Amino acid sequence: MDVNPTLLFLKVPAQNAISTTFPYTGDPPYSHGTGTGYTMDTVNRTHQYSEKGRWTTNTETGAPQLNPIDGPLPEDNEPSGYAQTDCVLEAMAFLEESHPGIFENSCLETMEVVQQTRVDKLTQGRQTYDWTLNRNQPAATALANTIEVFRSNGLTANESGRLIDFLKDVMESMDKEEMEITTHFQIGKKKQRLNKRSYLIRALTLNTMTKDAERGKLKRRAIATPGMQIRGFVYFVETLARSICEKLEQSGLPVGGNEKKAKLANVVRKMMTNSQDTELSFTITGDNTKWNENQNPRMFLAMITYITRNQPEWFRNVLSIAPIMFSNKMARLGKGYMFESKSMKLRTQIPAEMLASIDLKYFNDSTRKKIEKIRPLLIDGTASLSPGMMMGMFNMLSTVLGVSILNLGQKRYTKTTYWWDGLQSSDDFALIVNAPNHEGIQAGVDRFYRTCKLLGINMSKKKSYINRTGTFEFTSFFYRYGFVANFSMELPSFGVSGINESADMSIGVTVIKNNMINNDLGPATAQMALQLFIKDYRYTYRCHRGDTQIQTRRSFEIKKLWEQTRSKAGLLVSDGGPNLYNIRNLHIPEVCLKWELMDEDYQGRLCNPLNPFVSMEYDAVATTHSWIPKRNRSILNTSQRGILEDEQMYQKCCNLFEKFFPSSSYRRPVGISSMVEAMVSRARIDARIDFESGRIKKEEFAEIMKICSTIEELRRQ
Amino acid sequence: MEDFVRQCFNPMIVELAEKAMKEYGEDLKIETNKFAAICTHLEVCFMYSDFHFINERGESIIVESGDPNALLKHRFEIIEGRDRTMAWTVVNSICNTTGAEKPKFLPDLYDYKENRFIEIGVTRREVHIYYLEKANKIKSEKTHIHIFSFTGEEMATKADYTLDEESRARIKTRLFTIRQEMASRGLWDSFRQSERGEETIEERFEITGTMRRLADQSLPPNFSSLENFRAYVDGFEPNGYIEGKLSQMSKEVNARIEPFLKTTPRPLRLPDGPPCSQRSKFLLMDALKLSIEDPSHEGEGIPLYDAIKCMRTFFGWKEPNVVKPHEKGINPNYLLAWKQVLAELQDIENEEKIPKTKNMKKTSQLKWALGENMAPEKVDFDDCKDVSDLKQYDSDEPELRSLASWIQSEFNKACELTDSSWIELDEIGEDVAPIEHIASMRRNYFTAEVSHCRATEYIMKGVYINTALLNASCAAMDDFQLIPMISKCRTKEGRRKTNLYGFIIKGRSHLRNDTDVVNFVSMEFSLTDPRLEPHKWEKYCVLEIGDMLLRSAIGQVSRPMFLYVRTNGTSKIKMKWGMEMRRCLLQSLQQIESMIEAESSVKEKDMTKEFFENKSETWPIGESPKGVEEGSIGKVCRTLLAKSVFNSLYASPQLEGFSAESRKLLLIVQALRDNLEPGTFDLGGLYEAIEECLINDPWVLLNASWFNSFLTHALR
Amino acid sequence: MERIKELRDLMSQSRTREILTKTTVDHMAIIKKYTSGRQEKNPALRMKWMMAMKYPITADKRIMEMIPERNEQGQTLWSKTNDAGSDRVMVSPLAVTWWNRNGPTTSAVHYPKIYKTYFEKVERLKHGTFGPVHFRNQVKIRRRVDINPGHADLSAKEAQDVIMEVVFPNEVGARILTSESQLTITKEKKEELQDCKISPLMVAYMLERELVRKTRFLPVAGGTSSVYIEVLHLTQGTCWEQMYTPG
RNA sequence: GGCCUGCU
RNA sequence: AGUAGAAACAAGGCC
């Protein structure tokens, strides 16, 4: 016998054994070196799908830009970026007609959000391209650097504390002849001055990198991160787009997985069964080829202008600035290139900024051609990327366009025996087409494809197939007369997360529980997952049962703690205690599950607020095991070594402020008063009301007021 | 204009006015009358409060000026002009302390002795109208409203004037002077009219300057400005534009559906070239074990002492010599490294205490085998520009390799049972629910059928080896460490046994990125001659190290004993994922239990017991020369476990790409098998997408061969 | 008194004085998140990698006078090297376990009140009664159900208002509890929290845990009661239903 | 030659 | 050499 697991599909249908086809038990593919080659490929490719457009020289950045809107209609089935303004506007008009008042209500909601949003909202994000350092920095750090630079240059409307005032400062900075930033050298500081054009290019640029841990692809991809000037406009546009999407039944982007499955089941039920005996029904499991490279921000501006019709001009402007900036966006090429010399046995690193002047003798044919083709678009170490979006950032608005295309087939607009419906989430869709005959089915499919080509959307004919309704696929959800469980996609989440002992335990048990609830994880499979998770947990944190004689760095303390305790069933697994978790206990925290079994000494030492250790929703009880792991500590060798002292001092000031304002941690403070002013005013009023009726009496009240007076005198000085 | 409001009003007052306006986003440039009104309000409130300190008990001194005194008391607390947060904080605090009714709107001041809030307003119109306006605005009104006018007249509730006559007259005179002086320039004209407009604020987000010009270059080609585009969109009317250009568009833009029939699918084309070679981190089917029968658990022991004991149980060592050379490295270095390991083992043995972790001397042999000083020197591009060989890093397609028969036989062996149990899982809470008992019974069936399996032994080997390698790499980034390859099994009789597969010499492991490579030298015992499938041992240097006398009926065979020595490398991500190979059990047994539960719904009772004991149902799990062979549930469990284990051992981007692009085709074929009239738009594209991933990975090539076999047997 | 002298001390130095003078209250949050530390993209890999180091965790500097530098066997429990951008020191896991066997002890009577929802779940599971498991095709339909058992029927902000009123009376702001239901909730939870020395923030998170209702869209079959959604993992499956009566 | 760093 | 696969590691930098 020659074992062949694939032959298992000769009896078990593919959807009922699809988990076998997911090799999610091995390491995912990772990018090793630069991501500049991928960025150049993306720029060249998105400029190739629109080469028949109009070429312009931007008067602000002096950069070449390509406009394929209202370009020649495609004569082939290759990817196209020549979207027609009339077609997009008409699709929006029909989408509004089928859902009257959708745009107006969405605009009202977005207006309320815009008028009530604050700058602090921009701190809830991951790596953002800080232009002050030309580097990816956390959202809060980049926001703080931008605010500091604006205040230094004289743009202080952000002091109002409203996000829209920050956007006003962002726009006002565009009209400044020359800005000034600070640079660190290998330590002190140096003031550098940027012209208007340089600041424009730095504010319009997106930093590129390579995407790691990508499952299901042979070649690596390039992703992008925006700056801080464009993120507030993007936030408002995303608010409007999500408001629109929530009111569309053909959109599944803003909802969860189970909601996606419910929407798909509902549409299948409404399409197939209700179809009469003579009507044929088919399902297309479509993926869009080069989705982002053919999404032109000018069409997004057109959609925004249509949606915001009959609205205040300020709202239109603030929601239009984002597509305007993405239409002029620049892409930073990336890390650069590494060269090797075998005879002399050395290696060298060239930054991407040199690609505009480097001699092409060091590159392959592929990279030489990429650089030669992209050089015309290179402006100050960055490439023009006008033709289309780099990666996402408007997934909601792209889904809105896709849902408009889906809604254009209600049989009111086709005016033919065939019609279509379905679900679409950016770069993926399921399309149910009903028509009385195979001729009608194919005519409907052809019209849907051709209308997609008229809006800059392309159907991937290699990754798409059409069968009879009842079986299909959507975002790795395999529907076969009902969605089937795919445990493989969830398998990578069955180890120790890496937060800390208590958090890891809680997260593991909660993940097992949730996959039992949603993803049909079996009882025996759940028990085995629990056992394996506990084994990996003991082996990762060196917390073995203590009765065992496994020798580790942590084993002496665990053995002594084991011997000390009388009731050893109350010890946490991190303290070398037994595992009491089972199918009935997956929703209970370990501390509470073992609470009545702990010894009073151990219980008090573990759950002590005085411990110096304590500083996907999972419940966790605070214990000494909620420590925080160490930090990277690679800062000490870089020029940016002064950030650590600044962080420490900021933490000191914020801790003192919390000491003054107790609720500073529960709800974020609001107010334009400087920190010192607010603290001093609070101290004055508190001492006042305490002296009048409270702990304080006259002499120490006077002393406190004297200290406050000198504090304010020092503030003014 | 603003020169006026700055010259007359105190810089303190104007600064507070600027703070108040910029709090809500107004601009003194556009709304000047509002700025002046705020300044007037703040000054009136302050001078209402100023110079009037309450004495010991309830009554107030109208002091001549701010005096240095122990009586820091004030008849009023100034809530106006602090901040939204601070003003409301003061309001809440004093309301809680004194119990006064909370004002729904921010008041101006709070009088302590009478314990009540006071609202002060300055009016260009007559006082009574403004008073009744704020009376209707302020209901639940226990606060004392006092209203002044720029012309001067006064009013208040109950005709009650809290402030004394002289201070109010001073305030009146100040407002009077402000009004006539401001009129002396004539701005009183604008201040008469601006009152009603000031109260409401109009938001003024406008596009100007640079961002305006950019707005004119972000439109369709036939538009010259954003105003024109916005007007066009506002006047846009749907007039069948989509249909017209659908008619104009060429008919070659189509999605013609190609029927997918039995004769349509084509067998996947596999790459041609030299046969593929073993790439795993250790020998899987060729490994040999040295046993000591140690009653110690999975980690209860010192690996080096266990290795020494396992090597002392075997006698028959010979002067090692090269049998199958590496053919691209130095074989003498491998031989000397093996002898060095032997010498270091003897040295460890002779000493008193067995070290838990042993460092290997960095000799020339291990220096070559572990790749030290191999990385090129990092230089600045300015210092190396004219060097002829300077060029980009070699970035080409991996060399093509043909599929070999050894991988399929290896997978066959990985699915067979053994006479040892390779899994003892942790404990879990005692079962209290009937479903928990059912789960435990099903789990015991699974572990009974899976524990004695070569795939589980491979799982244990990989987990142990990768854990040891990661811990050694982090602990000793500079020292060459010797790590014995140790596993522990349960014989069928119940006795415990420790097994030694060989040794790993780990080199320097200053791993910064997840892809940074740590090199190591693997030395594994075996009985399989390398002269039978040399293409499988391309990167191994195989020595002859001893002889074995294994029990056989033909006297005793006295077979040889080779040592496979090779250089390999691993990564932090690779090591981390190899430390989690036990998810393969989860995948396999989750599929098995999903099948069991699918069959248990149709038959209204659990069917794990019948499936496992009765051996009733069978599934196609392989093909024999006569045809397709089917096996019981246990063989299916073992086969899926081996598939997952080899996915983990032979992970590669090729595997992921092929898995996705072949899942697509398999689902198309399944739709065909269900009579769903499947169709395709570009099948050649899908095939070329599947075939681009088949380059050199033995596992991926074997999977492609399996898919071809499935297509052959399917579609009939 | 103790706060204002510390404020003066911080205002004495030029750098902290500038930070306090220029930083507005609105930006207070931003500077609290200002950090060079980047969030980890692969936490599991680092935790498996960091746990092999000496001193892989961090602790307050207080540990230097609360825990000895070495235990009986001579193994280091903490080091004097500070974290990257903090005053905290880097310490080993032996410092944790040591604290769990020879550290200070306190009365844990408050914790059953702190995490009282979790203890309620514990006791409801303990007193529950099981029954026969019925194997049959489960028609699990996906519905939006409330997960929080002790829901008081308050939204996130509507409940947060009560939280601020009961925990932070003077920081409530301009909001007045309009509904009499919220008012009586405030009365009762203030009556039971007259003197409970635990810090206000844990009280706020207590009351968020207890009052705020939460919804989630899950595949349910039968039940639909808030206490039955708690053990959905234990009462439903693809081919089986476990009859269970929570206590 | 020693020390410093391993996501900055 | 080895890992690996469209670009990298095979330690980095400061005296």
# chains A, B, ... in the order shown; residues from 1 in each chain; ligands from 1

call {"tool": "residues_around", "arguments": {"residues": "region 115-129 of chain C", "least_positions_apart": "3", "cutoff": "7 Å", "atoms": "only C-alpha atoms (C1' of nucleotides)", "output": "VMD selection string"}}
result
(chain A and resid 588 592 to 593) or (chain C and resid 111 to 112 206 210 244 to 247)

call {"tool": "closest_atom_pairs", "arguments": {"of": "chain B", "to": "chain D", "cutoff": "12 Å", "atoms": "only C-alpha atoms (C1' of nucleotides)", "output": "tab-separated table"}}
result
residue	atom	partner	partner_atom	distance
B:473	CA	D:6	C1'	11.4
B:474	CA	D:6	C1'	9.6
B:477	CA	D:6	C1'	10.0
B:509	CA	D:6	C1'	9.9
B:510	CA	D:6	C1'	6.6
B:511	CA	D:6	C1'	6.2
B:512	CA	D:6	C1'	4.3
B:513	CA	D:7	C1'	7.6
B:514	CA	D:7	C1'	9.1
B:516	CA	D:6	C1'	10.4
B:572	CA	D:6	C1'	11.6

call {"tool": "write_last_selection", "arguments": {"atoms": "C-alpha atoms", "output": "mmCIF file, in the first residue's frame"}}
result
data_model
loop_
_atom_site.group_PDB
_atom_site.id
_atom_site.type_symbol
_atom_site.label_atom_id
_atom_site.label_comp_id
_atom_site.auth_asym_id
_atom_site.auth_seq_id
_atom_site.Cartn_x
_atom_site.Cartn_y
_atom_site.Cartn_z
ATOM 1 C CA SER B 473 20.842 29.501 21.299
ATOM 2 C CA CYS B 474 19.397 31.985 23.783
ATOM 3 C CA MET B 477 25.187 32.831 21.968
ATOM 4 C CA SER B 509 23.489 31.893 17.791
ATOM 5 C CA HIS B 510 23.387 35.700 17.930
ATOM 6 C CA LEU B 511 19.941 35.598 16.342
ATOM 7 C CA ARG B 512 18.512 39.098 15.883
ATOM 8 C CA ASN B 513 15.754 38.624 13.296
ATOM 9 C CA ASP B 514 13.315 35.724 13.199
ATOM 10 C CA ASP B 516 18.564 34.762 11.289
ATOM 11 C CA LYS B 572 13.986 31.329 15.703
#

call {"tool": "residues_around", "arguments": {"residues": "region 473-488 of chain A", "least_positions_apart": "6", "cutoff": "7 Å", "atoms": "only C-alpha atoms (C1' of nucleotides)", "output": "MDAnalysis selection string"}}
result
(chainID A and resid 15:16 18:19 22 24 285 428:430 519:520) or (chainID B and resid 587)

call {"tool": "interface_residues", "arguments": {"of": "chain A", "to": "chain B", "cutoff": "6 Å", "atoms": "only C-alpha atoms", "output": "PyMOL selection string"}}
result
chain A and resi 1-5+7-8+23+25-27+29+69+75-77+87+90+160+174-175+216-218+298+314+324+327+339-341+345-348+362-363+446+461-462+465-468+523-525+531+549-550+579-582+671

call {"tool": "interface_residues", "arguments": {"of": "chain C", "to": "chain B", "cutoff": "6 Å", "atoms": "only C-alpha atoms", "output": "PDB file with C-alpha atoms, in the first residue's frame"}}
result
ATOM      1  CA  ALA C  52      15.316  31.309  28.089  1.00  0.00           C
ATOM      2  CA  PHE C 135     -27.167  12.868  20.267  1.00  0.00           C
ATOM      3  CA  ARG C 136     -29.079  14.492  17.407  1.00  0.00           C
ATOM      4  CA  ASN C 137     -28.636  16.956  14.563  1.00  0.00           C
ATOM      5  CA  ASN C 170     -16.323  65.320  41.711  1.00  0.00           C
ATOM      6  CA  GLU C 171     -15.079  64.287  38.238  1.00  0.00           C
ATOM      7  CA  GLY C 173     -18.641  66.861  34.900  1.00  0.00           C
ATOM      8  CA  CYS C 239     -24.211  16.234  17.028  1.00  0.00           C
TER       9      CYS C 239
END

call {"tool": "interface_residues", "arguments": {"of": "chain A", "to": "chain D", "cutoff": "9 Å", "atoms": "only C-alpha atoms (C1' of nucleotides)", "output": "list in words"}}
result
residues 137, 632, 633, 634, 635, 636, 637, 638 and 640 of chain A

call {"tool": "write_last_selection", "arguments": {"atoms": "N, CA and C atoms", "output": "PDB file, in the first residue's frame"}}
result
ATOM      1  N   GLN A 137       6.987  54.640  13.660  1.00  0.00           N
ATOM      2  CA  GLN A 137       6.932  54.774  15.106  1.00  0.00           C
ATOM      3  C   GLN A 137       5.506  54.512  15.556  1.00  0.00           C
ATOM      4  N   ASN A 632      12.897  45.666  24.427  1.00  0.00           N
ATOM      5  CA  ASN A 632      13.887  45.320  23.413  1.00  0.00           C
ATOM      6  C   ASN A 632      15.290  45.742  23.833  1.00  0.00           C
ATOM      7  N   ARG A 633      15.430  46.943  24.387  1.00  0.00           N
ATOM      8  CA  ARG A 633      16.695  47.429  24.937  1.00  0.00           C
ATOM      9  C   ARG A 633      17.758  47.650  23.863  1.00  0.00           C
ATOM     10  N   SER A 634      17.376  47.663  22.589  1.00  0.00           N
ATOM     11  CA  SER A 634      18.309  47.982  21.518  1.00  0.00           C
ATOM     12  C   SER A 634      18.451  49.482  21.301  1.00  0.00           C
ATOM     13  N   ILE A 635      17.704  50.294  22.053  1.00  0.00           N
ATOM     14  CA  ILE A 635      17.771  51.742  21.903  1.00  0.00           C
ATOM     15  C   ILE A 635      19.140  52.292  22.275  1.00  0.00           C
ATOM     16  N   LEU A 636      19.867  51.609  23.159  1.00  0.00           N
ATOM     17  CA  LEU A 636      21.060  52.175  23.772  1.00  0.00           C
ATOM     18  C   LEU A 636      22.198  52.388  22.785  1.00  0.00           C
ATOM     19  N   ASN A 637      22.132  51.798  21.593  1.00  0.00           N
ATOM     20  CA  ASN A 637      23.195  51.916  20.606  1.00  0.00           C
ATOM     21  C   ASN A 637      22.839  52.833  19.444  1.00  0.00           C
ATOM     22  N   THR A 638      21.658  53.441  19.454  1.00  0.00           N
ATOM     23  CA  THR A 638      21.189  54.275  18.358  1.00  0.00           C
ATOM     24  C   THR A 638      21.263  55.748  18.743  1.00  0.00           C
ATOM     25  N   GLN A 640      18.736  57.704  18.551  1.00  0.00           N
ATOM     26  CA  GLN A 640      17.488  57.989  19.247  1.00  0.00           C
ATOM     27  C   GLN A 640      17.508  57.391  20.646  1.00  0.00           C
TER      28      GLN A 640
END

call {"tool": "interface_residues", "arguments": {"of": "chain C", "to": "chain A", "cutoff": "6 Å", "atoms": "only C-alpha atoms", "output": "count of residues only"}}
result
34

call {"tool": "select_by_dssp", "arguments": {"residues": "region 61-229 of chain C", "states": "strand (DSSP E)", "output": "ChimeraX atom specification"}}
result
/C:78-82,89-91,129-135,141-146,215-220

call {"tool": "write_last_selection", "arguments": {"atoms": "C-alpha atoms", "output": "JSON list (two decimals), in the first residue's frame"}}
result
[["chain", "number", "residue", "atom", "x", "y", "z"],
["C", 78, "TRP", "CA", 16.57, 40.21, 40.52],
["C", 79, "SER", "CA", 19.12, 42.50, 38.89],
["C", 80, "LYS", "CA", 19.77, 46.21, 39.34],
["C", 81, "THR", "CA", 19.66, 46.89, 35.58],
["C", 82, "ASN", "CA", 16.67, 49.08, 34.75],
["C", 89, "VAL", "CA", 14.32, 46.66, 37.18],
["C", 90, "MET", "CA", 14.72, 43.40, 35.27],
["C", 91, "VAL", "CA", 14.04, 40.32, 37.41],
["C", 129, "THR", "CA", -27.01, 19.62, 37.74],
["C", 130, "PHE", "CA", -26.21, 17.58, 34.63],
["C", 131, "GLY", "CA", -28.43, 15.20, 32.71],
["C", 132, "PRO", "CA", -28.37, 12.69, 29.86],
["C", 133, "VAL", "CA", -26.66, 13.85, 26.67],
["C", 134, "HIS", "CA", -28.88, 13.56, 23.59],
["C", 135, "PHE", "CA", -27.17, 12.87, 20.27],
["C", 141, "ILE", "CA", -28.91, 29.32, 14.18],
["C", 142, "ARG", "CA", -26.67, 32.37, 14.50],
["C", 143, "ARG", "CA", -28.23, 35.02, 16.74],
["C", 144, "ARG", "CA", -27.15, 38.08, 18.71],
["C", 145, "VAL", "CA", -27.26, 37.15, 22.41],
["C", 146, "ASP", "CA", -26.10, 38.90, 25.57],
["C", 215, "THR", "CA", -23.77, 41.36, 23.06],
["C", 216, "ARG", "CA", -22.20, 38.88, 20.66],
["C", 217, "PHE", "CA", -23.39, 37.10, 17.52],
["C", 218, "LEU", "CA", -22.99, 33.35, 18.08],
["C", 219, "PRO", "CA", -24.52, 30.09, 16.78],
["C", 220, "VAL", "CA", -27.06, 29.15, 19.45]]

call {"tool": "atom_distance", "arguments": {"atom1": "CA of residue 691 (chain A)", "atom2": "CA of residue 61 (chain B)"}}
result
20.3 Å

call {"tool": "closest_atom_pairs", "arguments": {"of": "chain E", "to": "chain A", "cutoff": "10 Å", "atoms": "only C-alpha atoms (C1' of nucleotides)", "output": "Markdown table"}}
result
| residue | atom | partner | partner_atom | distance |
| --- | --- | --- | --- | --- |
| E:4 | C1' | A:32 | CA | 9.3 |
| E:5 | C1' | A:32 | CA | 9.5 |
| E:6 | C1' | A:219 | CA | 7.9 |
| E:7 | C1' | A:33 | CA | 4.6 |
| E:8 | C1' | A:33 | CA | 4.8 |
| E:9 | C1' | A:32 | CA | 8.4 |
| E:13 | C1' | A:637 | CA | 7.3 |
| E:14 | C1' | A:637 | CA | 8.5 |

call {"tool": "residues_around", "arguments": {"residues": "residue 67 (chain C)", "least_positions_apart": "3", "cutoff": "8 Å", "atoms": "only C-alpha atoms (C1' of nucleotides)", "output": "list in words"}}
result
residues 63, 64, 77, 95, 99 and 103 of chain C

call {"tool": "write_last_selection", "arguments": {"atoms": "N, CA and C atoms", "output": "JSON list (two decimals), in the first residue's frame"}}
result
[["chain", "number", "residue", "atom", "x", "y", "z"],
["C", 63, "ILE", "N", 11.10, 45.93, 44.70],
["C", 63, "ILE", "CA", 11.53, 44.54, 44.86],
["C", 63, "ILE", "C", 12.94, 44.47, 45.43],
["C", 64, "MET", "N", 13.76, 45.49, 45.19],
["C", 64, "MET", "CA", 15.14, 45.43, 45.65],
["C", 64, "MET", "C", 15.26, 45.42, 47.17],
["C", 77, "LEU", "N", 17.61, 36.39, 41.97],
["C", 77, "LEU", "CA", 16.18, 36.66, 41.84],
["C", 77, "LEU", "C", 15.89, 37.96, 41.12],
["C", 95, "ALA", "N", 11.90, 35.25, 41.19],
["C", 95, "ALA", "CA", 11.40, 36.30, 42.07],
["C", 95, "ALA", "C", 9.89, 36.18, 42.28],
["C", 99, "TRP", "N", 8.20, 35.07, 45.83],
["C", 99, "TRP", "CA", 7.17, 35.90, 46.44],
["C", 99, "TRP", "C", 5.94, 35.07, 46.81],
["C", 103, "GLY", "N", 7.06, 35.69, 50.41],
["C", 103, "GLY", "CA", 6.81, 37.11, 50.38],
["C", 103, "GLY", "C", 5.79, 37.54, 51.42]]
